[PDB]
Every structure is written in structure tokens, then in C-alpha cells.
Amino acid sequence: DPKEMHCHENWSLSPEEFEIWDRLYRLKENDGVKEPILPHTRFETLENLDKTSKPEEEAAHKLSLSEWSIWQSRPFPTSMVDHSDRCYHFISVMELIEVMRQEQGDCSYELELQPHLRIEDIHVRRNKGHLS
């Protein structure tokens, strides 16, 4: 005879839990804050199986993954899940980019590799000259 856990053995919220979500966490018309939405995936070079079912996706706050690029040169602590090699590779390129923003690491990257360029490895192409 447990009236609390009686109403939620299911997948959705119980009527007691829906009341808590409505008053405390639900963003309403009263809330002068925009709904948080993650941006969708969109390819520039592939056919996009369009996920454009929401034309309302600008009455909301699009979570930016690049607004804090300057903070992304060093690891962002950790609670219980350590950083991955995928994440460390992303931090390394950001650290590389900030080193190159100071003019230094940009030209030297091309310089240190050119003695190692074995032509048998590459598909030779014509230097069109659109690199500044």
C-alpha cells in the first residue's frame, strides 16, 4: 500500500511528479528566459536528410559550442568521468591554434614537415595559388 510509488511504475511522470516539474522546473510564459536548444547537425558537402521540423528554433537560446573557444585550450576539470583521447585531441588543436594566433606556430608547422614529404605518398596536384 504505497501511494507515492504506486502512481509511477511507468515510463512517464506520475501526477505527483508532473506537479513538481510544472512549478519548479518547467519554463513557462512567465519565465523571461529563452528555451535552451542544442543545434542540429548540418553538412555542407553531403545531402542533408533535413531535420528542419522546427521552424520555431529561434524563439530560443541556441547553445553555442564555440562561444568560449579561449577557455578550451586547457582541460575543464572533471567530476567522475575523465577526459577522453577524443577530447584531448580537441584541446591540443585549440592549444595549437592559440599558439598560431600569435604568428609563431603557423608558418613553422609547414616548415618542419616539408623535409618529410615523400612524393610517393601524396596525390600530386597543381599549386593553384589560393593560399595566402
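Numbers follow the displayed sequence, beginning with 1.
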* To do: Could you check the entry and say whether 62-70 or 81-89 has the higher mean CA B-factor?
  => 62-70
* Structure fact -> Averaging the C-alpha temperature factors as deposited, the higher value of 120-128 versus 7-15 falls on 120-128
* Asked: Per the PDB entry, which option out of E35, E95, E103, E44 has the greatest Cα B factor?
  -> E103
* Asked: Taking the entry's C-alpha B-factors for this chain, is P39 in the lowest, middle or highest third?
  -> middle
